[PDB]
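Everything below belongs to model28.pdb, which stores PDB, C-alpha atoms and all ligand atoms.
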```pdb
ATOM      1  CA  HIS A   1      22.676 -13.204   5.628
ATOM      2  CA  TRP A   2      20.100 -11.327   3.518
ATOM      3  CA  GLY A   3      19.635  -7.589   4.049
ATOM      4  CA  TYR A   4      19.015  -4.391   2.065
ATOM      5  CA  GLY A   5      22.591  -3.397   1.206
ATOM      6  CA  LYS A   6      24.546  -3.425  -2.059
ATOM      7  CA  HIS A   7      25.901  -6.893  -1.313
ATOM      8  CA  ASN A   8      22.948  -8.629   0.342
ATOM      9  CA  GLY A   9      19.916  -6.698  -0.933
ATOM     10  CA  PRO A  10      16.791  -7.653  -2.960
ATOM     11  CA  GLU A  11      18.929  -8.205  -6.081
ATOM     12  CA  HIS A  12      20.835 -11.000  -4.264
ATOM     13  CA  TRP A  13      17.901 -12.763  -2.582
ATOM     14  CA  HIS A  14      17.200 -15.180  -5.467
ATOM     15  CA  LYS A  15      20.427 -17.126  -4.778
ATOM     16  CA  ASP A  16      19.273 -18.375  -1.353
ATOM     17  CA  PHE A  17      15.564 -18.045  -2.187
ATOM     18  CA  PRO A  18      14.947 -18.944  -5.888
ATOM     19  CA  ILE A  19      11.246 -18.119  -5.436
ATOM     20  CA  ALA A  20      12.363 -14.448  -5.605
ATOM     21  CA  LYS A  21      11.891 -14.841  -9.377
ATOM     22  CA  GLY A  22       8.602 -16.726  -8.958
ATOM     23  CA  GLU A  23       5.150 -16.241 -10.453
ATOM     24  CA  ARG A  24       3.445 -14.335  -7.606
ATOM     25  CA  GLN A  25       6.057 -12.123  -5.968
ATOM     26  CA  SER A  26       5.393  -8.937  -4.018
ATOM     27  CA  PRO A  27       5.400  -6.027  -3.916
ATOM     28  CA  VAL A  28       4.013  -4.827  -7.263
ATOM     29  CA  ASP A  29       3.085  -1.564  -8.920
ATOM     30  CA  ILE A  30      -0.653  -0.937  -8.747
ATOM     31  CA  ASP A  31      -1.653   0.521 -12.097
ATOM     32  CA  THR A  32      -4.936   2.233 -11.185
ATOM     33  CA  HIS A  33      -6.137   2.244 -14.805
ATOM     34  CA  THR A  34      -5.530  -1.480 -15.230
ATOM     35  CA  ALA A  35      -7.121  -2.632 -11.943
ATOM     36  CA  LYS A  36     -10.789  -3.558 -12.334
ATOM     37  CA  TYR A  37     -13.663  -2.931  -9.915
ATOM     38  CA  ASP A  38     -14.841  -6.328  -8.638
ATOM     39  CA  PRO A  39     -18.551  -6.417  -7.646
ATOM     40  CA  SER A  40     -18.160  -9.945  -6.213
ATOM     41  CA  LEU A  41     -16.008  -8.581  -3.385
ATOM     42  CA  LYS A  42     -17.736  -8.712   0.006
ATOM     43  CA  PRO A  43     -17.220  -5.797   2.397
ATOM     44  CA  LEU A  44     -13.895  -5.906   4.265
ATOM     45  CA  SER A  45     -14.133  -6.639   7.994
ATOM     46  CA  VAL A  46     -11.312  -5.389  10.220
ATOM     47  CA  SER A  47     -12.057  -6.386  13.833
ATOM     48  CA  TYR A  48      -9.249  -5.179  16.085
ATOM     49  CA  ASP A  49     -11.296  -4.213  19.188
ATOM     50  CA  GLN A  50     -10.079  -7.170  21.252
ATOM     51  CA  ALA A  51      -6.465  -7.048  19.959
ATOM     52  CA  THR A  52      -3.763  -8.074  22.426
ATOM     53  CA  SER A  53      -0.257  -6.786  21.676
ATOM     54  CA  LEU A  54       2.568  -8.440  23.607
ATOM     55  CA  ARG A  55       5.911  -6.938  22.612
ATOM     56  CA  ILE A  56       8.003  -5.034  20.076
ATOM     57  CA  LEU A  57      11.146  -6.543  18.512
ATOM     58  CA  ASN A  58      13.984  -5.213  16.351
ATOM     59  CA  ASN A  59      14.819  -8.238  14.179
ATOM     60  CA  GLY A  60      17.659  -6.567  12.265
ATOM     61  CA  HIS A  61      15.493  -5.739   9.206
ATOM     62  CA  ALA A  62      12.500  -3.929  10.720
ATOM     63  CA  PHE A  63      10.553  -3.853  13.993
ATOM     64  CA  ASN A  64       7.616  -6.197  14.663
ATOM     65  CA  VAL A  65       4.746  -5.438  17.023
ATOM     66  CA  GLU A  66       3.608  -8.935  17.979
ATOM     67  CA  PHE A  67       0.151  -9.996  19.079
ATOM     68  CA  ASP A  68      -1.310 -12.871  21.055
ATOM     69  CA  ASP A  69      -2.889 -15.081  18.375
ATOM     70  CA  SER A  70      -3.777 -18.068  20.608
ATOM     71  CA  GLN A  71      -7.468 -17.284  20.032
ATOM     72  CA  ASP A  72      -9.786 -15.260  17.777
ATOM     73  CA  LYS A  73      -9.279 -11.653  18.830
ATOM     74  CA  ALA A  74      -7.927  -9.338  16.118
ATOM     75  CA  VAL A  75      -9.297 -10.717  12.840
ATOM     76  CA  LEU A  76      -9.522  -9.825   9.158
ATOM     77  CA  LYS A  77     -12.385 -11.283   7.119
ATOM     78  CA  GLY A  78     -14.536 -10.410   4.081
ATOM     79  CA  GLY A  79     -13.331  -8.715   0.896
ATOM     80  CA  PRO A  80     -11.465 -11.314  -1.197
ATOM     81  CA  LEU A  81     -11.006 -13.551   1.845
ATOM     82  CA  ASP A  82     -12.711 -16.796   2.736
ATOM     83  CA  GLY A  83     -12.877 -17.569   6.429
ATOM     84  CA  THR A  84     -10.984 -15.891   9.251
ATOM     85  CA  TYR A  85      -7.446 -14.548   9.368
ATOM     86  CA  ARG A  86      -5.814 -13.769  12.754
ATOM     87  CA  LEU A  87      -3.495 -10.811  13.328
ATOM     88  CA  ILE A  88      -0.025 -12.037  14.345
ATOM     89  CA  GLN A  89       2.224  -8.976  13.885
ATOM     90  CA  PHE A  90       2.674  -5.657  12.170
ATOM     91  CA  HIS A  91       5.782  -3.922  10.880
ATOM     92  CA  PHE A  92       6.730  -1.131   8.505
ATOM     93  CA  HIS A  93       9.022  -0.520   5.546
ATOM     94  CA  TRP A  94      10.433   2.994   5.161
ATOM     95  CA  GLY A  95      12.964   5.129   3.325
ATOM     96  CA  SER A  96      16.012   7.283   3.996
ATOM     97  CA  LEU A  97      14.071  10.130   2.379
ATOM     98  CA  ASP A  98      10.345  10.986   2.231
ATOM     99  CA  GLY A  99      10.229  10.308  -1.539
ATOM    100  CA  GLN A 100      10.782   6.568  -1.054
ATOM    101  CA  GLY A 101      10.033   3.815   1.448
ATOM    102  CA  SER A 102       6.859   2.015   0.361
ATOM    103  CA  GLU A 103       6.977  -1.418  -1.240
ATOM    104  CA  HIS A 104       3.796  -1.295  -3.293
ATOM    105  CA  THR A 105       3.573   1.693  -5.571
ATOM    106  CA  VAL A 106       0.505   3.423  -7.061
ATOM    107  CA  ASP A 107       0.978   4.402 -10.707
ATOM    108  CA  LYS A 108       4.729   4.267  -9.900
ATOM    109  CA  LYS A 109       4.296   6.653  -6.937
ATOM    110  CA  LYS A 110       6.413   5.753  -3.893
ATOM    111  CA  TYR A 111       5.136   6.668  -0.409
ATOM    112  CA  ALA A 112       7.374   7.489   2.564
ATOM    113  CA  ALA A 113       6.562   4.186   4.245
ATOM    114  CA  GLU A 114       4.242   1.190   4.259
ATOM    115  CA  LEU A 115       2.570  -0.607   7.160
ATOM    116  CA  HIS A 116       1.974  -4.376   6.952
ATOM    117  CA  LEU A 117      -0.535  -6.023   9.295
ATOM    118  CA  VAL A 118       0.062  -9.761   8.900
ATOM    119  CA  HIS A 119      -2.744 -12.274   9.462
ATOM    120  CA  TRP A 120      -2.878 -16.073   9.139
ATOM    121  CA  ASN A 121      -5.766 -18.282   7.964
ATOM    122  CA  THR A 122      -7.327 -20.013  11.007
ATOM    123  CA  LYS A 123      -8.136 -23.046   8.817
ATOM    124  CA  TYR A 124      -4.438 -24.000   9.091
ATOM    125  CA  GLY A 125      -4.108 -23.993  12.878
ATOM    126  CA  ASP A 126      -0.959 -21.866  13.112
ATOM    127  CA  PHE A 127       1.275 -19.417  11.222
ATOM    128  CA  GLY A 128       3.936 -22.041  10.481
ATOM    129  CA  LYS A 129       1.453 -24.272   8.658
ATOM    130  CA  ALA A 130      -0.331 -21.317   7.001
ATOM    131  CA  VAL A 131       2.886 -20.254   5.190
ATOM    132  CA  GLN A 132       2.869 -23.613   3.406
ATOM    133  CA  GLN A 133      -0.486 -22.768   1.787
ATOM    134  CA  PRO A 134      -1.407 -20.593  -1.218
ATOM    135  CA  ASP A 135      -4.161 -18.871   0.848
ATOM    136  CA  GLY A 136      -2.303 -19.068   4.151
ATOM    137  CA  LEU A 137      -1.866 -15.354   4.787
ATOM    138  CA  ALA A 138      -3.616 -12.041   4.363
ATOM    139  CA  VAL A 139      -1.654  -8.812   4.658
ATOM    140  CA  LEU A 140      -3.308  -5.441   5.014
ATOM    141  CA  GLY A 141      -1.026  -2.815   3.466
ATOM    142  CA  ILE A 142      -1.339   0.831   4.412
ATOM    143  CA  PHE A 143       0.673   3.651   2.849
ATOM    144  CA  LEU A 144       2.251   6.364   4.983
ATOM    145  CA  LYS A 145       2.764   9.930   3.796
ATOM    146  CA  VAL A 146       4.486  12.753   5.661
ATOM    147  CA  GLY A 147       2.154  15.479   6.927
ATOM    148  CA  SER A 148       0.228  15.693  10.178
ATOM    149  CA  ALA A 149       1.243  13.354  13.017
ATOM    150  CA  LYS A 150      -0.655  10.098  13.509
ATOM    151  CA  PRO A 151      -1.747  10.083  17.185
ATOM    152  CA  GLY A 152      -2.218   6.292  17.202
ATOM    153  CA  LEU A 153       1.405   5.768  16.092
ATOM    154  CA  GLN A 154       3.138   7.777  18.847
ATOM    155  CA  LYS A 155       3.181   4.881  21.359
ATOM    156  CA  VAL A 156       5.231   2.937  18.795
ATOM    157  CA  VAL A 157       7.472   5.928  18.066
ATOM    158  CA  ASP A 158       8.277   6.439  21.772
ATOM    159  CA  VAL A 159       9.318   2.829  22.468
ATOM    160  CA  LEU A 160      11.827   2.701  19.545
ATOM    161  CA  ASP A 161      14.624   4.154  21.688
ATOM    162  CA  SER A 162      14.482   1.014  23.826
ATOM    163  CA  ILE A 163      14.923  -1.294  20.800
ATOM    164  CA  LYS A 164      17.584   0.571  18.797
ATOM    165  CA  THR A 165      19.621  -2.462  17.734
ATOM    166  CA  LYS A 166      19.159  -5.965  16.296
ATOM    167  CA  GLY A 167      17.799  -8.434  18.843
ATOM    168  CA  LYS A 168      16.426  -5.910  21.338
ATOM    169  CA  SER A 169      12.801  -6.171  22.428
ATOM    170  CA  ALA A 170      10.416  -4.390  24.800
ATOM    171  CA  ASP A 171       7.099  -5.194  26.441
ATOM    172  CA  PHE A 172       4.380  -3.618  24.293
ATOM    173  CA  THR A 173       0.955  -4.463  25.699
ATOM    174  CA  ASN A 174      -2.411  -2.742  25.196
ATOM    175  CA  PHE A 175      -1.434  -1.212  21.861
ATOM    176  CA  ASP A 176      -4.531  -0.641  19.728
ATOM    177  CA  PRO A 177      -3.904  -1.147  15.982
ATOM    178  CA  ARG A 178      -7.227   0.593  15.199
ATOM    179  CA  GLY A 179      -5.278   3.866  15.656
ATOM    180  CA  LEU A 180      -3.247   3.069  12.527
ATOM    181  CA  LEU A 181      -6.189   2.735  10.098
ATOM    182  CA  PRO A 182      -7.287   5.431   7.646
ATOM    183  CA  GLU A 183     -11.014   6.312   7.355
ATOM    184  CA  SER A 184     -11.769   4.479   4.132
ATOM    185  CA  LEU A 185     -11.276   0.748   3.736
ATOM    186  CA  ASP A 186     -11.291   1.013  -0.084
ATOM    187  CA  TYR A 187      -8.555  -1.305  -1.359
ATOM    188  CA  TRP A 188      -6.825  -3.105  -4.200
ATOM    189  CA  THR A 189      -6.323  -6.859  -3.871
ATOM    190  CA  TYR A 190      -4.063  -9.344  -5.654
ATOM    191  CA  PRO A 191      -2.388 -12.718  -4.860
ATOM    192  CA  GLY A 192       1.257 -12.394  -3.865
ATOM    193  CA  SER A 193       4.024 -13.128  -1.407
ATOM    194  CA  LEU A 194       5.955 -12.153   1.690
ATOM    195  CA  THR A 195       8.277  -9.284   0.721
ATOM    196  CA  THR A 196      11.139 -10.556   2.886
ATOM    197  CA  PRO A 197      13.003 -13.822   2.546
ATOM    198  CA  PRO A 198      11.917 -16.434   2.224
ATOM    199  CA  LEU A 199       9.499 -14.613   0.135
ATOM    200  CA  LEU A 200       6.787 -17.300   0.393
ATOM    201  CA  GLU A 201       3.902 -17.105  -2.038
ATOM    202  CA  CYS A 202       1.063 -17.492   0.462
ATOM    203  CA  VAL A 203      -0.375 -13.949   0.712
ATOM    204  CA  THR A 204      -3.660 -12.378  -0.270
ATOM    205  CA  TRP A 205      -2.690  -8.716  -0.416
ATOM    206  CA  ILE A 206      -5.206  -6.066   0.569
ATOM    207  CA  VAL A 207      -3.692  -2.627  -0.037
ATOM    208  CA  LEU A 208      -5.690   0.352   1.173
ATOM    209  CA  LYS A 209      -6.094   3.248  -1.244
ATOM    210  CA  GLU A 210      -6.167   5.952   1.437
ATOM    211  CA  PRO A 211      -2.792   6.634   3.047
ATOM    212  CA  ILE A 212      -2.348   7.644   6.670
ATOM    213  CA  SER A 213      -0.309  10.765   7.334
ATOM    214  CA  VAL A 214       2.534  10.728   9.862
ATOM    215  CA  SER A 215       4.713  13.623  11.015
ATOM    216  CA  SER A 216       8.241  14.265   9.804
ATOM    217  CA  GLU A 217       9.326  13.864  13.443
ATOM    218  CA  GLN A 218       7.617  10.438  13.638
ATOM    219  CA  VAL A 219       9.359   9.129  10.457
ATOM    220  CA  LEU A 220      12.693  10.586  11.606
ATOM    221  CA  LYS A 221      12.561   8.364  14.707
ATOM    222  CA  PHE A 222      12.006   5.251  12.522
ATOM    223  CA  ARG A 223      15.238   6.282  10.742
ATOM    224  CA  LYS A 224      17.180   6.337  14.042
ATOM    225  CA  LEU A 225      16.875   2.561  14.401
ATOM    226  CA  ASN A 226      19.826   0.284  13.641
ATOM    227  CA  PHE A 227      20.243  -2.738  11.327
ATOM    228  CA  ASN A 228      23.283  -3.801  13.361
ATOM    229  CA  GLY A 229      23.413  -5.343  16.829
ATOM    230  CA  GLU A 230      24.531  -3.527  19.978
ATOM    231  CA  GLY A 231      28.235  -2.670  20.112
ATOM    232  CA  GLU A 232      28.571  -3.058  16.332
ATOM    233  CA  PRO A 233      29.285  -0.263  13.810
ATOM    234  CA  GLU A 234      26.177   1.854  13.234
ATOM    235  CA  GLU A 235      24.144   1.040  10.140
ATOM    236  CA  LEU A 236      20.971   3.129  10.112
ATOM    237  CA  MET A 237      17.781   1.098   9.558
ATOM    238  CA  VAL A 238      16.554   2.844   6.406
ATOM    239  CA  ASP A 239      15.406   1.789   2.942
ATOM    240  CA  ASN A 240      14.259  -1.605   4.179
ATOM    241  CA  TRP A 241      11.861  -2.021   1.233
ATOM    242  CA  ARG A 242      11.773  -4.417  -1.693
ATOM    243  CA  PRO A 243      11.077  -2.725  -5.003
ATOM    244  CA  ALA A 244       8.141  -3.588  -7.273
ATOM    245  CA  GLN A 245       8.261  -7.053  -8.919
ATOM    246  CA  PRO A 246       6.788  -8.342 -12.238
ATOM    247  CA  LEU A 247       2.985  -8.686 -12.162
ATOM    248  CA  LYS A 248       3.133 -11.785 -14.456
ATOM    249  CA  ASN A 249      -0.495 -11.505 -15.751
ATOM    250  CA  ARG A 250      -1.934 -11.503 -12.218
ATOM    251  CA  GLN A 251      -4.978  -9.261 -11.940
ATOM    252  CA  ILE A 252      -5.383  -6.513  -9.376
ATOM    253  CA  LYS A 253      -9.032  -6.010  -8.380
ATOM    254  CA  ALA A 254     -10.410  -2.811  -6.856
ATOM    255  CA  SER A 255     -13.111  -2.829  -4.159
ATOM    256  CA  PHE A 256     -14.389   0.583  -5.249
TER     257      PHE A 256
HETATM  258  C1  LIG B 301       6.137 -15.584  12.964
HETATM  259  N1  LIG B 301       5.724 -14.171  12.978
HETATM  260  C2  LIG B 301       6.271 -13.473  11.806
HETATM  261  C3  LIG B 301       7.273 -12.389  12.245
HETATM  262  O1  LIG B 301       7.824 -12.684  13.535
HETATM  263  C4  LIG B 301       8.415 -12.248  11.223
HETATM  264  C5  LIG B 301       8.650 -11.012  10.626
HETATM  265  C6  LIG B 301       9.678 -10.857   9.703
HETATM  266  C7  LIG B 301      10.477 -11.944   9.370
HETATM  267  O2  LIG B 301      11.474 -11.769   8.458
HETATM  268  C8  LIG B 301      10.246 -13.190   9.965
HETATM  269  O3  LIG B 301      11.016 -14.271   9.656
HETATM  270  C9  LIG B 301       9.217 -13.340  10.893
HETATM  271 HG    HG B 302       2.442 -20.594   0.163
HETATM  272 ZN    ZN B 303       6.313  -6.109   5.191
END
```
Rewritten as structure tokens:
Amino acid sequence: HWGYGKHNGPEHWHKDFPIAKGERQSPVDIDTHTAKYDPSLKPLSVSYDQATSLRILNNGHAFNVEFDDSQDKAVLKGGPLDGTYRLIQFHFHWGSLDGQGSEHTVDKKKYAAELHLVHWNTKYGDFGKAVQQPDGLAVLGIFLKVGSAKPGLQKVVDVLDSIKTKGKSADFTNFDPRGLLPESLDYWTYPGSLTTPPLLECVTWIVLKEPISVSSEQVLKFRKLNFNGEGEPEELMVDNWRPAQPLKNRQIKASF
């Protein structure tokens, strides 16, 4: 199936998922001098106080921290969004080296990693129906740079040993995603897609300008994870990012 290798990577995805070459694919390069301040943007509202994490899963491409979305708890609203979007999961994309890993880029700059907090529009009842809609999803993107450790990330880092290989999962309750946010909620926004097959064009992207810093030791543990399943030859889970895709006359708006 699809992956990130020479033979199954982003360059191959279009064969099974023709939308890979579509009109609103992600990620994209954010050209800071082309993005326009949008005064019609409402303030962004990130309400994660009542968030209920359930478990962490290695799915063979990344790891997902999943949340209970059976009622309005962790929600994203405001900014470019209309209505309420519920947090369902978060995951990261990262590199084999610090100089690469992020999916979105800023004036062609690649960060060491990128965090995606995935939310679905409550108007559509559930995630499965939301991904059939042009405004079905909102993803909050946060860049990671290597520097000081991120205290709020360590709980995730420590559990990774227990989910080394494809298909493994661990109980992961009472994790607070507020510990992953930078200070400023300044962002760029554009209409786009899921960055993994099947690459569905249902996402309002909200990409925070301010990166969070994580320690070299924290990122190193991400890189210890495996793409393969248990008892299979070791394939380190690294460089699980899609590169920047054509903007196609979409407009990136800045909140600041
Ligand atoms: C339904 N919740 C989405 C999450 O579990 C998810 C993450 C990455 C994927 O490739 C995928 O098919 C699903
Ligand atoms: Hg869609
Ligand atoms: Zn992602």
To check your reading of the model: which residues sit at most 9 Å from ligand ZN 303 (chain B) when counting all atoms listed in the file? Write the answer as a compact mmCIF listing (two decimals) with C-alpha atoms, in the coordinates of the input.
```
# COMPACT_ATOMS: atom_id res chain seq x y z
CA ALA A 62 12.50 -3.93 10.72
CA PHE A 90 2.67 -5.66 12.17
CA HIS A 91 5.78 -3.92 10.88
CA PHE A 92 6.73 -1.13 8.51
CA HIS A 93 9.02 -0.52 5.55
CA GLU A 103 6.98 -1.42 -1.24
CA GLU A 114 4.24 1.19 4.26
CA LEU A 115 2.57 -0.61 7.16
CA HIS A 116 1.97 -4.38 6.95
CA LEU A 117 -0.54 -6.02 9.30
CA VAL A 118 0.06 -9.76 8.90
CA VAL A 139 -1.65 -8.81 4.66
CA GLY A 141 -1.03 -2.82 3.47
CA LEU A 194 5.96 -12.15 1.69
CA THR A 195 8.28 -9.28 0.72
CA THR A 196 11.14 -10.56 2.89
CA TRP A 241 11.86 -2.02 1.23
CA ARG A 242 11.77 -4.42 -1.69
```
Which residues of stretch 119-191 of chain A sit at most 12 Å from stretch 20-29 of chain A, using all atoms listed in the file? Give each one's shortest atom pair and distance in Å (one decimal place), in chain and ascending residue order, as a Markdown table.
```
| residue | atom | partner | partner_atom | distance |
| --- | --- | --- | --- | --- |
| A:134 | CA | A:24 | CA | 10.2 |
| A:139 | CA | A:26 | CA | 11.2 |
| A:141 | CA | A:27 | CA | 10.3 |
| A:188 | CA | A:29 | CA | 11.1 |
| A:189 | CA | A:28 | CA | 11.1 |
| A:190 | CA | A:24 | CA | 9.2 |
| A:191 | CA | A:24 | CA | 6.6 |
```
Please identify every polymer residue within 7 Å of ligand HG 302 (chain B), using only C-alpha atoms and all ligand atoms, and present the set as an mmCIF file with C-alpha atoms, in the frame of the given file.
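Everything below was put into out-v6.cif:
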```
data_model
loop_
_atom_site.group_PDB
_atom_site.id
_atom_site.type_symbol
_atom_site.label_atom_id
_atom_site.label_comp_id
_atom_site.auth_asym_id
_atom_site.auth_seq_id
_atom_site.Cartn_x
_atom_site.Cartn_y
_atom_site.Cartn_z
ATOM 1 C CA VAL A 131 2.886 -20.254 5.190
ATOM 2 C CA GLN A 132 2.869 -23.613 3.406
ATOM 3 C CA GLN A 133 -0.486 -22.768 1.787
ATOM 4 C CA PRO A 134 -1.407 -20.593 -1.218
ATOM 5 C CA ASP A 135 -4.161 -18.871 0.848
ATOM 6 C CA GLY A 136 -2.303 -19.068 4.151
ATOM 7 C CA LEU A 200 6.787 -17.300 0.393
ATOM 8 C CA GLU A 201 3.902 -17.105 -2.038
ATOM 9 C CA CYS A 202 1.063 -17.492 0.462
#
```
Show which residues sit within 10 Å of residue A:84, as a ChimeraX atom specification. Count only C-alpha atoms, and ignore same-chain residues fewer than 5 positions away. /A:45,72,74-78,119-123,138
All residues 12 Å or closer to residue A:43, all atoms listed in the file, same chain fewer than 2 positions away omitted, as a VMD selection string: chain A and resid 38 to 41 45 to 46 76 to 82 184 to 187 254 to 256
Skipping near chain neighbours, those fewer than 2 positions away, what residues fall within 8 Å of residue A:174 using all atoms listed in the file, listed as a VMD selection string? chain A and resid 51 to 54 172 176
Quick one: distance from atom CA of residue A:240 to atom CA of residue A:101 in Å, one decimal?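 Atom CA of residue A:101 lies 7.4 Å from atom CA of residue A:240.
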Would you mind listing the residues within 7 Å of ligand LIG 301 (chain B), counting only C-alpha atoms and all ligand atoms, as a CSV table (one decimal) with C-alpha atoms, in the coordinates of the input?
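Output (result-v5.csv):
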```
chain,number,residue,atom,x,y,z
A,64,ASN,CA,7.6,-6.2,14.7
A,88,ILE,CA,0.0,-12.0,14.3
A,89,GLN,CA,2.2,-9.0,13.9
A,127,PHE,CA,1.3,-19.4,11.2
A,196,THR,CA,11.1,-10.6,2.9
A,197,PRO,CA,13.0,-13.8,2.5
```
Tell me, in Å to one decimal, how far atom CA of residue A:66 is from atom CA of residue A:124.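 These atoms are spaced 19.3 Å apart.
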Measure the distance from atom CA of residue A:10 to atom CA of residue A:216 in Å and round it to one decimal.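 These atoms are spaced 26.8 Å apart.
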